[PDB]
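A.B. asks: This structure is in structure tokens; I'll ask about it shortly.
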Amino acid sequence: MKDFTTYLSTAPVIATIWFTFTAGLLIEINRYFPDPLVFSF
Amino acid sequence: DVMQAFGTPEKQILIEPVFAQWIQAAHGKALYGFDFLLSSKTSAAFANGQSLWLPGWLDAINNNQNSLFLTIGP
Amino acid sequence: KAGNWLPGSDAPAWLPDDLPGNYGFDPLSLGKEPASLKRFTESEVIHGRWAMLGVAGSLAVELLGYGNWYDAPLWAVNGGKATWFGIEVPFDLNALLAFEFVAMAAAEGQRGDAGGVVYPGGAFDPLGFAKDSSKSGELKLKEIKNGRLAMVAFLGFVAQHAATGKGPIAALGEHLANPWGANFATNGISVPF
Amino acid sequence: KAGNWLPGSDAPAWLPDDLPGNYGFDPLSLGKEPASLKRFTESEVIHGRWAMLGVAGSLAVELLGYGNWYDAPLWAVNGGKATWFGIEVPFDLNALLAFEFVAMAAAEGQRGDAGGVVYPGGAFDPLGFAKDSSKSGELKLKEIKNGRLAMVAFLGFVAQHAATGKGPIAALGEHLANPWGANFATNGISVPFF
Amino acid sequence: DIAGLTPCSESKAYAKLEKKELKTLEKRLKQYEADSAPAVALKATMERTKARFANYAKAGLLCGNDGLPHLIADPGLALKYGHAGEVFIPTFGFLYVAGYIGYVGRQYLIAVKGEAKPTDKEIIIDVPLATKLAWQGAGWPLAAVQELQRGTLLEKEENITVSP
Amino acid sequence: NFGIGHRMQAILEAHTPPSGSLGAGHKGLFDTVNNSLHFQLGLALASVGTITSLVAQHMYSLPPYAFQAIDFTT
Amino acid sequence: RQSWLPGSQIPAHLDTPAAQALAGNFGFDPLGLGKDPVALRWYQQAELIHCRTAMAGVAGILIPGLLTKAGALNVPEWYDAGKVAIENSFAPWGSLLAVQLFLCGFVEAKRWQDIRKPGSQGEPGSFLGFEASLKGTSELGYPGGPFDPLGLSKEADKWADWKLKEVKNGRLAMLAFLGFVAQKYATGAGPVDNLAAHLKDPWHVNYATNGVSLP
Ligand code: CLA
Ligand code: CLA
Ligand SMILES: CC(/C=C/C=C(C)/C=C/[C@@]12O[C@]1(C)C[C@@H](O)CC2(C)C)=C\C=C\C=C(C)\C=C\C=C(C)\C=C\[C@@]12O[C@]1(C)C[C@@H](O)CC2(C)C
Ligand SMILES: CC(/C=C/C=C(C)/C=C/[C@@]12O[C@]1(C)C[C@@H](O)CC2(C)C)=C\C=C\C=C(C)\C=C\C=C(C)\C=C\[C@@]12O[C@]1(C)C[C@@H](O)CC2(C)C
Ligand SMILES: CC(/C=C/C=C(C)/C=C/[C@@]12O[C@]1(C)C[C@@H](O)CC2(C)C)=C\C=C\C=C(C)\C=C\C=C(C)\C=C\[C@@]12O[C@]1(C)C[C@@H](O)CC2(C)C
Ligand SMILES: CC1=C(/C=C/C(C)=C/C=C/C(C)=C\C=C\C=C(C)\C=C\C=C(C)\C=C\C2=C(C)CCCC2(C)C)C(C)(C)CCC1
């Protein structure tokens with residue numbers, strides 16, 4: 001599956017994994033920390 | 001637009017125009033309280049023109065019904 | 001050379017060692033070109049002379065008790081009756097304004113556009129000090145150092161009066177009074193927090 | 001040489017043996033370069049001179065009973081009327097401050113930037129002691145010794161008044177009175193716990 | 001009150017707008033059974049709403065005449081009056097991540113230029129090299145100023161022009 | 001044509017800052033401003049188009065004509 | 001070479017002879033911060049001074065802290081000694097910080113110039129004879145001269161021992177200050193008070209009984 005891992009390392013597959021990662025990071029943040037308009041403490 | 005759509009107007013980015021309200025208050029608009037040059041009654045640019053050209057200009061800016069330095073927001 | 005102004009740093013190449021007042025201080029490469037540097041050397045000395053006269057005029061008024069340097073041109077508004085050594089001056093603003101406009105240009109424009117001279121021998125040395133034999137650069141260096149200190153003193157007068165509203169001796173007595181509460185931090189201007 | 005300051009330890013190479021007051025004491029190698037050693041051999045003697053004059057002035061006030069060294073410049077605040085041998089001085093602060101700024105600079109600048117001399121023969125020896133033949137280094141050694149002891153004495157004056165608030169004789173008498181309860185430890189300053 | 005403004009914990013249009021939103025949610029809630037699944041989500045929306053108003057009034061945001069929080073985007077009016085978390089703290093919390101991505105992509109380009117053919121590792125990204133540059137790019141401003149002090153951040157006039 | 005005054009051929013090619021500031025500065029412009037009409041038309045249109053925005057910005061805030069700014073459509 | 005992880009490939013710029021002969025090199029740079037040799041030369045200085053100031057600060061916290069909890073001092077908490085000692089003070093904090101930044105900037109800019117060029121401050125005519133002892137040693141970060149009064153550098157044996165003792169005590173004190181700040185934020189007590197609270201009930205009073213290891 002070395003060719004399958006080179007397919008997993010192509011541009012749109014990395015794009016759709018990394019954008020789901022950076023989407024579902026910010027989404028879990030806005031679940032556990034609702035409505036951040038201002039930098040609080 | 002997304003905040004107005006979700007019924008939450010308070011989450012808007014409403015950046016106050018600080019840099020131009022400071023220019024209005026330096027021209028004599030006492031609505032914002034920056035009291036810098038002409039809206040401050042104690043400064044020198046205020047004091048050295050009270051007979052020359054200032055009081056009509058100050059009574060014309062602080063009128064909120066002309067277009068002379070309209071009050072401004074986000 | 002006689003000084004390094006930040007020791008261990010290299011001297012910039014566009015400053016000659018024989019130039020009076022030298023340390024190598026040019027962190028902006030501001031006098032790199034020789035035609036600009038010659039006019040800067042010709043203007044630094046004259047800023048120094050006029051600031052030595054300015055600091056002497058700003059200090060002798062308070063040391064002789066005649067107000068300060070600030071309130072001395074304050075008779076032009078709200079009254080008049082200028083003084084000098086107590087002697088009254090019956091002149092208004094516009095007459096001495098035009099006299100400073102006319103009588104000073106007959107010395108300034110006669111000095112400036114008649115060359116580029118900065119140490120003219122002859123009538124400006126009546127007693128005789130700068131014969132350019134052995135003690136030219138020494139007295140030139142002393143003149144540069146005293147003039148730079150006077151320029152710093154006059155900008156200190158400007159910022160000191162713009163921050164405290166007081167004169168030179170009128171706050172030097174307070175810094176000698178309260179040496180930890182009468183400095184540039186206890187006002188709410190110079191240090192904003 | 002004439003002394004080793006910590007026996008068994010070696011003398012540094014940058015201290016000349018014919019130099020007056022030599023012991024080898026330079027644990028920082030602070031006068032290693034000869035130009036710095038030449039500046040410091042002049043400045044140590046002058047610190048010793050002015051400290052001998054300072055300790056003589058700080059002791060003669062109390063041995064003659066005129067207050068101490070600390071309160072002698074205390075007339076400039078809360079009154080005036082300075083004294084000297086009981087004789088009054090009708091001078092305010094700014095006049096004598098300007099006279100000390102001017103009249104001392106006319107001798108200090110005449111001394112300093114006119115060379116680097118530290119033992120000038122001639123007018124400064126009116127009686128005649130240092131003809132520089134045989135008794136030069138001995139008198140220079142005695143001057144260095146007495147001056148170093150005077151610098152130690154004046155630093156002791158400063159620390160003693162900063163710790164006890166008294167004069168030199170005013171607590172030398174207490175050390176002679178209670179020798180085991182009037183030293184540098186019974187105050188709560190120099191020894192922090194015991 | 002910096003520029004004609006007011007604290008949101010002081011203004012009444014802010015509290016009136018909170019009561020307006022809670023009134024809409026309440027008249028929306030009045031249709032359902034008290035323990036059903038829509039009513040739980042509506043009360044959770046009310047709880048998030050009230051927590052949002054409490055934490056906007058707590059941080060000292062400035063309301064206007066409209067009753068809406070404002071952002072003072074000037075240091076010296078945010079640092080002096082305690083509004084640095086509005087703009088001045090996230091204007092570096094952004095730029096760390098911006099220069100982070102701009103440094104990671106820069107180093108991924110420069111570390112793939114000197115190969116056999118670079119373009120194949122731009123459509124097919126070398127993932128161990130990418131994750132190595134992703135982790136070790138954490139100190140990017142440090143490395144950026146150390147690269148600027150060389151002159152290895154810029155390139156000289158070896159660049160490609162047309163006809164100056 | 002009278003001896004006193006200033007000349008366009010001398011002011012341009014002497015305002016050159018050294019040490020690589022503006023390069024050779026303003027040396028050679030009078031051969032190209034005077035000979036080109038599209039350069040003159042470009043500078044003229046830039047000036048007229050800016051002071052036309054200036055006319056627009058200053059005729060609403062500072063209305064110069066009697067019973068203007070009551071006629072809103074005007 | 002006694003690495004921080006025994007099985008890791010040490011970064012190759014920490015295995016150069018310039019970097020292996022450096023104080024406290026345990027092969028730890030997992031984020032590649034010192035890959036340029038002059039970046040590492042700058043950060044070695046930054047580590048020495050972040051660790052010496054931390055050793056002085058952590059000593060000034062826990063030596064009077066342990067001498068407060070055991071009596072014969074009444075030094076307050078380190079997060080309270082700014083609130084107090086400004087009343088028992090000849091000056092307010094602003095003038096004191098201004099004098100502080102002048103006296104410290106005169107030192108720190110000389111150190112800046114010596115790091116950017118070694119032996120800079122030793123050129124003659126700078127001070128009044130004092131500049132001759134300001135070249136430092138052959139390596140930067142360890143000046144000596146006036147800063148070695150007891151004379152522990154004139155050995156050339158056990159010198160890497162003293163280096164590594166300084167670096168390890170300093171890294172431990174930097175972790176101790178990051179501690180002091182964090183164990184103040186977490187529970188609001190003092191550091192020796194937190195040590196007593198751990199020593200009276202270790203298995204229940206720790207950083208798993210507050211809101212900072214939250215699931
Ligand atoms: C450039 C314009 C712009 C700006 C400045 C903002 C600004 C903001 N928007 Mg907005 N928005 C915009 C455009 C913009 N938006 C557009 C175009 C839309 C329509 C798509 C929206 C739709 C929108 C919605 C629907 C919402 C916002 C929200 C917000 C707020 C962000 C809260 C948040 O998520 O915190 C994020 C805070 C962080 C600290 C994230 C940083 C990430 C981590 C913590 C740092 C990294 C840590 C670690 C190293 C990562 C691990 C790496 C991993 C590999 C292990 C903020 C006021 C939210 C809000 O509350 O409104 C006020 C909200 O609900 N916006
Ligand atoms: C305006 C008058 C005047 C002038 C022009 C001079 C000029 C001079 N004096 Mg002089 N002096 C004067 C008044 C004056 N003094 C007075 C009134 C006294 C008696 C108090 C002295 C006592 C004196 C001594 C004892 C010595 C000089 C020396 C010198 C020369 C060195 C120049 C220098 O480094 O500046 C000095 C500039 C300063 C700003 C001085 C700094 C403050 C000093 C270090 C005192 C601080 C003590 C402090 C507790 C120690 C430092 C902290 C420590 C605990 C870590 C120079 C020719 C020295 C010399 O000839 O060297 C070879 C020397 O040994 N003078
Ligand atoms: C301070 C000053 C210049 C400062 C400039 C500096 C430091 C520049 C330094 C640098 O450029 C270099 C060197 C190198 C560059 O690479 C870097 C920088 C750092 C940029 C000039 C003051 C110059 C100041 C002058 C000439 C002042 C003259 C004062 C007069 C005449 C006063 C007159 C009166 O006081 C009386 C007599 C009586 C009163 O009653 C009436 C009045 C009028 C108030
Ligand atoms: C202590 C001292 C110097 C101490 C320095 C020492 C030990 C340094 C030693 C070292 O550097 C070496 C040697 C070698 C290095 O490798 C190591 C160290 C160890 C670092 C100087 C005091 C020097 C002290 C001096 C010069 C004091 C002068 C006092 C005067 C003039 C007093 C006048 C008055 O008392 C009267 C007369 C009347 C009063 O009413 C008014 C006043 C004004 C108070
Ligand atoms: C300087 C310091 C503290 C100094 C404290 C001082 C002066 C305190 C003074 C006071 O207390 C007193 C005396 C009395 C009080 O009343 C007043 C104050 C003022 C409070 C702490 C440093 C603290 C510094 C710390 C904790 C630094 C930690 C850095 C780490 C761990 C980085 C590791 C890495 O960078 C490497 C090494 C390699 C990369 O590849 C990987 C990563 C992981 C990025
Ligand atoms: C404070 C503030 C402000 C202000 C600001 C300002 C005013 C600024 C300025 C600025 C400036 C004046 C700038 C300039 C610049 C220039 C340049 C020239 C730059 C450059 C840059 C670069 C070059 C970068 C690069 C890089 C890096 C390093 C990272 C990433 C990657 C790259 C490569 C891209 C405001 C209020 C608004 C807001 C808040 C904050």
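Labeling convention for the structure tokens: chains A, B, ... as they appear, residues from 1 per chain, ligands from 1 in order of appearance.
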Give the residues close to ligand 2, within 8 Å, counting only C-alpha atoms and all ligand atoms; write them as number ranges by chain.

C.D. replies: D: 39-51, 100-106, 108-113, 116; G: 128

A.B. asks: With a cut-off of 9 Å and counting only C-alpha atoms, select all residues of chain A in contact with chain B and give the selection as a PyMOL selection string.

C.D. replies: chain A and resi 35-37

A.B. asks: Write out, as an mmCIF file, in the first residue's frame, the residues just selected, with N, CA, C and O atoms.

C.D. replies:
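That gives us again_10.cif:
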data_model
loop_
_atom_site.group_PDB
_atom_site.id
_atom_site.type_symbol
_atom_site.label_atom_id
_atom_site.label_comp_id
_atom_site.auth_asym_id
_atom_site.auth_seq_id
_atom_site.Cartn_x
_atom_site.Cartn_y
_atom_site.Cartn_z
ATOM 1 N N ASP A 35 -18.777 31.272 21.639
ATOM 2 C CA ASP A 35 -18.808 32.690 21.281
ATOM 3 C C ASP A 35 -17.590 33.528 21.692
ATOM 4 O O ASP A 35 -17.730 34.418 22.539
ATOM 5 N N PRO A 36 -16.378 33.304 21.118
ATOM 6 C CA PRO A 36 -15.223 34.175 21.463
ATOM 7 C C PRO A 36 -15.067 35.458 20.644
ATOM 8 O O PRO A 36 -14.307 35.537 19.680
ATOM 9 N N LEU A 37 -15.794 36.510 21.021
ATOM 10 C CA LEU A 37 -15.609 37.790 20.340
ATOM 11 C C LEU A 37 -14.330 38.488 20.786
ATOM 12 O O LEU A 37 -13.638 39.106 19.970
#

A.B. asks: Select residues of chain B: the criterion is any atom within 9 Å of an atom of chain E, counting only C-alpha atoms; output as a short mmCIF file (atom, residue, chain, number, x, y, z; two decimals) with N, CA and C atoms, in the first residue's frame.

C.D. replies:
data_model
loop_
_atom_site.label_atom_id
_atom_site.label_comp_id
_atom_site.auth_asym_id
_atom_site.auth_seq_id
_atom_site.Cartn_x
_atom_site.Cartn_y
_atom_site.Cartn_z
N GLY B 7 -29.44 35.82 14.43
CA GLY B 7 -30.14 36.51 15.48
C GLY B 7 -29.26 37.03 16.58
N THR B 8 -27.95 37.11 16.36
CA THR B 8 -26.99 37.52 17.38
C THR B 8 -26.23 38.75 16.89
N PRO B 9 -26.82 39.95 17.01
CA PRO B 9 -26.12 41.16 16.56
C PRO B 9 -24.94 41.57 17.42
N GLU B 10 -24.78 40.99 18.61
CA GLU B 10 -23.77 41.43 19.55
C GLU B 10 -22.41 40.85 19.23
N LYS B 11 -22.38 39.82 18.41
CA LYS B 11 -21.15 39.15 18.02
C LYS B 11 -20.54 39.77 16.78
N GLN B 12 -21.03 40.93 16.36
CA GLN B 12 -20.49 41.62 15.21
C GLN B 12 -19.12 42.21 15.51
N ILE B 13 -18.28 42.27 14.48
CA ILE B 13 -17.06 43.05 14.54
C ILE B 13 -17.46 44.49 14.25
N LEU B 14 -17.54 45.31 15.29
CA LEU B 14 -17.90 46.71 15.14
C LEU B 14 -16.71 47.52 15.61
N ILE B 15 -15.75 47.71 14.73
CA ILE B 15 -14.57 48.48 15.07
C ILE B 15 -14.92 49.95 15.01
N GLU B 16 -14.70 50.65 16.11
CA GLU B 16 -15.03 52.06 16.18
C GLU B 16 -14.00 52.86 15.39
N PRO B 17 -14.43 53.83 14.59
CA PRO B 17 -13.47 54.63 13.83
C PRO B 17 -12.74 55.62 14.71
N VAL B 18 -11.74 55.14 15.45
CA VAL B 18 -11.08 55.96 16.46
C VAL B 18 -10.27 57.08 15.82
N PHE B 19 -9.64 56.79 14.68
CA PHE B 19 -8.68 57.71 14.09
C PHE B 19 -9.35 58.93 13.47
N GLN B 21 -12.70 59.94 14.44
CA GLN B 21 -13.32 60.61 15.57
C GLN B 21 -12.32 61.48 16.31
N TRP B 22 -11.05 61.07 16.35
CA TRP B 22 -10.02 61.93 16.91
C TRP B 22 -9.81 63.18 16.06
N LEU B 31 -18.49 65.51 20.80
CA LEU B 31 -19.36 64.36 20.99
C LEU B 31 -18.60 63.13 21.48
N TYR B 32 -17.29 63.07 21.24
CA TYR B 32 -16.53 61.87 21.56
C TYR B 32 -15.64 62.01 22.79
N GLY B 33 -15.33 63.23 23.21
CA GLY B 33 -14.59 63.41 24.44
C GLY B 33 -13.11 63.17 24.36
N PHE B 34 -12.51 63.30 23.18
CA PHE B 34 -11.06 63.21 23.07
C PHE B 34 -10.35 64.47 23.51
N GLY B 73 -19.62 55.87 12.96
CA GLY B 73 -19.53 54.63 13.69
C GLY B 73 -19.02 53.51 12.81
N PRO B 74 -19.23 52.26 13.24
CA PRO B 74 -18.54 51.12 12.61
C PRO B 74 -18.91 50.86 11.16
#

A.B. asks: Residues at most 12 Å from residue A:12, counting only C-alpha atoms, excluding those fewer than 6 positions away in the same chain, as a PyMOL selection string?

C.D. replies: (chain A and resi 18-20) or (chain E and resi 122-125)

A.B. asks: List the spatial neighbours of residue B:70 as JSON, numbers by chain - criterion: any atom at most 12 Å away, only C-alpha atoms, same-chain residues fewer than 4 positions off excluded.

C.D. replies: {"B": [20, 21, 23, 24, 25, 29, 31, 60, 61, 62, 63, 64, 65, 66], "F": [60, 61, 62]}

A.B. asks: Rounded to one decimal, what separation in Å do you get between atom CA of residue G:38 and atom CA of residue E:96?

C.D. replies: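 Between atom CA of residue G:38 and atom CA of residue E:96 the gap is 23.1 Å.
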
A.B. asks: Atom 37 (C, counted along the ligand's line) of ligand 4 to atom CA of residue D:81: how many Å, to one decimal?

C.D. replies: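 A separation of 18.3 Å between them.
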
A.B. asks: Return the single residue from E:138, E:162, E:109, E:101 that is closest to ligand 6, with distances computed using only C-alpha atoms and all ligand atoms.

C.D. replies: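 Ranked by minimum distance to ligand 6, first place goes to E:101.
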
A.B. asks: Neighbours of ligand 6 at 7 Å or closer, counting only C-alpha atoms and all ligand atoms: which residues, as a VMD selection string?

C.D. replies: chain E and resid 73 to 75 87 to 88 91 98 to 100 102 to 103 106 141 144 153

A.B. asks: I need the residues from that last selection saved to file as a short mmCIF file (atom, residue, chain, number, x, y, z; two decimals), in the first residue's frame (with N, CA and C atoms), if you can.

C.D. replies:
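Everything below was put into part_31.cif:
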data_model
loop_
_atom_site.label_atom_id
_atom_site.label_comp_id
_atom_site.auth_asym_id
_atom_site.auth_seq_id
_atom_site.Cartn_x
_atom_site.Cartn_y
_atom_site.Cartn_z
N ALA E 73 -9.66 49.69 18.13
CA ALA E 73 -8.48 49.19 17.42
C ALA E 73 -7.33 50.18 17.45
N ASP E 74 -6.99 50.67 18.63
CA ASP E 74 -5.79 51.48 18.75
C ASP E 74 -5.07 51.18 20.06
N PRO E 75 -3.81 50.75 19.98
CA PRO E 75 -3.00 50.65 21.20
C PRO E 75 -2.72 52.04 21.74
N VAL E 87 -8.44 43.92 19.99
CA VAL E 87 -7.67 43.83 18.76
C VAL E 87 -6.20 43.55 19.03
N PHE E 88 -5.62 44.21 20.04
CA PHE E 88 -4.16 44.26 20.19
C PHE E 88 -3.57 42.93 20.65
N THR E 91 -4.09 40.68 17.36
CA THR E 91 -3.27 41.07 16.22
C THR E 91 -1.86 40.50 16.28
N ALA E 98 0.10 33.28 11.16
CA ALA E 98 0.28 33.70 9.77
C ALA E 98 1.72 33.54 9.32
N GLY E 99 2.66 34.12 10.07
CA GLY E 99 4.06 33.90 9.80
C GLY E 99 4.51 32.47 10.03
N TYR E 100 3.78 31.72 10.86
CA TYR E 100 4.01 30.29 11.01
C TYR E 100 3.78 29.56 9.70
N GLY E 102 3.43 30.91 6.73
CA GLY E 102 4.32 31.49 5.74
C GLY E 102 5.77 31.08 5.88
N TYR E 103 6.17 30.60 7.05
CA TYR E 103 7.51 30.07 7.23
C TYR E 103 7.57 28.58 6.91
N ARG E 106 7.41 28.31 3.15
CA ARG E 106 8.69 28.79 2.64
C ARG E 106 9.76 27.72 2.75
N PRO E 141 9.47 33.32 14.43
CA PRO E 141 9.97 34.71 14.39
C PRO E 141 11.43 34.79 14.73
N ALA E 144 13.15 33.76 11.66
CA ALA E 144 12.93 34.78 10.64
C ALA E 144 13.85 35.97 10.84
N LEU E 153 17.07 35.88 3.81
CA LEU E 153 15.62 35.98 3.67
C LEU E 153 15.26 36.51 2.29
#

A.B. asks: Between atom CA of residue E:79 and atom 9 (N, counted along the ligand's line) of ligand 1, what is the distance in Å, rounded to a tenth?

C.D. replies: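 Separation of atom CA of residue E:79 and atom 9 (N, counted along the ligand's line) of ligand 1: 22.2 Å.
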
A.B. asks: From a DSSP pass on the backbone, collect the residues of stretch 7-159 of chain D flagged as helix (DSSP H, G or I) and hand them back as an NGL selection string.

C.D. replies: :D and (34-63 or 93-103 or 105-112 or 136-159)

A.B. asks: Please identify the residues whose atoms come within 8 Å of ligand 4, using only C-alpha atoms and all ligand atoms, and report them as an MDAnalysis selection string.

C.D. replies: (chainID D and resid 25:31 46:58 61 68:73 148 150:155) or (chainID G and resid 146 149)

A.B. asks: How would you write, as a CSV table (one decimal) with N, CA and C atoms, in the first residue's frame, the set of residues in stretch 9-154 of chain C that DSSP gives as strand (DSSP E or B)?

C.D. replies:
chain,number,residue,atom,x,y,z
C,82,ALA,N,8.2,95.2,27.8
C,82,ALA,CA,9.3,94.2,27.8
C,82,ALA,C,10.5,94.8,28.7
C,83,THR,N,11.3,94.0,29.3
C,83,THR,CA,12.4,94.4,30.1
C,83,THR,C,13.7,93.7,29.6
C,84,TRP,N,14.8,94.2,30.0
C,84,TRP,CA,16.1,93.6,29.8
C,84,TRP,C,17.0,94.2,30.9
C,87,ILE,N,15.7,97.3,32.5
C,87,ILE,CA,15.5,98.4,31.7
C,87,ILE,C,14.3,98.2,30.8
C,88,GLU,N,13.3,99.1,30.8
C,88,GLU,CA,12.1,99.0,30.0
C,88,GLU,C,12.4,99.2,28.5
C,89,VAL,N,11.5,98.5,27.7
C,89,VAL,CA,11.6,98.6,26.3
C,89,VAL,C,10.3,99.2,25.7

A.B. asks: Please check which protein, DNA or RNA residues sit within 10 Å of ligand 3, counting only C-alpha atoms and all ligand atoms, and write them as a count of residues only.

C.D. replies: 50

A.B. asks: Have a look at E:135, E:32, E:81, E:108 and name the one nearest to ligand 1; count only C-alpha atoms and all ligand atoms.

C.D. replies: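 Going through E:135, E:32, E:81, E:108 one by one, the smallest distance to ligand 1 is for E:135.
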
A.B. asks: At a cut-off of 8 Å around ligand 5, and using only C-alpha atoms and all ligand atoms, what residues come up? Please write them as a PyMOL selection string.

C.D. replies: (chain E and resi 136+138-139) or (chain G and resi 28-34+49-61+76-82+171+173-178)

A.B. asks: Any idea what's packed within 12 Å of residue A:9, counting only C-alpha atoms, ignoring anything in its chain fewer than 2 positions away? Could you give it as a list in words?

C.D. replies: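 The residues that qualify are residues 2, 3, 4, 5, 6, 7, 11, 12, 13, 14, 15, 16, 17 and 18 of chain A; 120, 121, 122, 123, 124, 125, 126, 127, 128, 129, 130 and 131 of chain E.
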
A.B. asks: Find the residues of chain B that sit at most 8 Å from chain F; for each, write down the nearest two atoms and how far apart they are in Å, to one decimal. Count only C-alpha atoms. Sort by chain, then by number going up, and give it as JSON lines.

C.D. replies:
{"residue": "B:66", "atom": "CA", "partner": "F:61", "partner_atom": "CA", "distance": 7.3}
{"residue": "B:67", "atom": "CA", "partner": "F:61", "partner_atom": "CA", "distance": 4.5}
{"residue": "B:68", "atom": "CA", "partner": "F:61", "partner_atom": "CA", "distance": 4.5}
{"residue": "B:69", "atom": "CA", "partner": "F:61", "partner_atom": "CA", "distance": 7.1}

A.B. asks: Only C-alpha atoms, please: the residues just picked out, written as a PDB file, in the first residue's frame.

C.D. replies:
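Output (part.pdb):
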ATOM      1  CA  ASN B  66     -25.748  69.729   8.822  1.00  0.00           C
ATOM      2  CA  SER B  67     -23.231  67.660   6.866  1.00  0.00           C
ATOM      3  CA  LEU B  68     -20.304  69.373   8.612  1.00  0.00           C
ATOM      4  CA  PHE B  69     -18.350  66.465  10.173  1.00  0.00           C
TER       5      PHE B  69
END

A.B. asks: Find the residues of chain A that sit at most 8 Å from ligand 1; for each, write down the nearest two atoms and how far apart they are in Å, to one decimal. Count only C-alpha atoms and all ligand atoms. Sort by chain, then by number going up, and give it as a Markdown table.

C.D. replies:
| residue | atom | partner | partner_atom_place_in_ligand_line | distance |
| --- | --- | --- | --- | --- |
| A:25 | CA | ligand 1 | 42 (C) | 7.7 |
| A:26 | CA | ligand 1 | 34 (O) | 6.0 |
| A:27 | CA | ligand 1 | 34 (O) | 7.7 |
| A:29 | CA | ligand 1 | 36 (C) | 6.9 |
| A:30 | CA | ligand 1 | 34 (O) | 5.8 |
| A:34 | CA | ligand 1 | 60 (O) | 6.5 |
| A:35 | CA | ligand 1 | 60 (O) | 3.3 |
| A:36 | CA | ligand 1 | 60 (O) | 4.1 |
| A:37 | CA | ligand 1 | 62 (C) | 3.9 |
| A:38 | CA | ligand 1 | 57 (C) | 6.6 |

A.B. asks: Pull C-alpha atoms from the residues just selected and write them as an mmCIF file, in the first residue's frame.

C.D. replies:
data_model
loop_
_atom_site.group_PDB
_atom_site.id
_atom_site.type_symbol
_atom_site.label_atom_id
_atom_site.label_comp_id
_atom_site.auth_asym_id
_atom_site.auth_seq_id
_atom_site.Cartn_x
_atom_site.Cartn_y
_atom_site.Cartn_z
ATOM 1 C CA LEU A 25 -10.350 21.620 15.545
ATOM 2 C CA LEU A 26 -11.994 25.061 15.433
ATOM 3 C CA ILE A 27 -15.424 23.412 15.608
ATOM 4 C CA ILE A 29 -13.086 24.746 20.164
ATOM 5 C CA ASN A 30 -16.290 26.665 19.443
ATOM 6 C CA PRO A 34 -18.768 29.228 22.899
ATOM 7 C CA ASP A 35 -18.808 32.690 21.281
ATOM 8 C CA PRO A 36 -15.223 34.175 21.463
ATOM 9 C CA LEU A 37 -15.609 37.790 20.340
ATOM 10 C CA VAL A 38 -12.885 39.127 22.646
#

A.B. asks: Got a sec: who's within 7 Å of residue C:185, counting only C-alpha atoms, leaving out chain neighbours fewer than 5 positions off, as an NGL selection string?

C.D. replies: (:C and (190-191)) or (:G and (94-95))
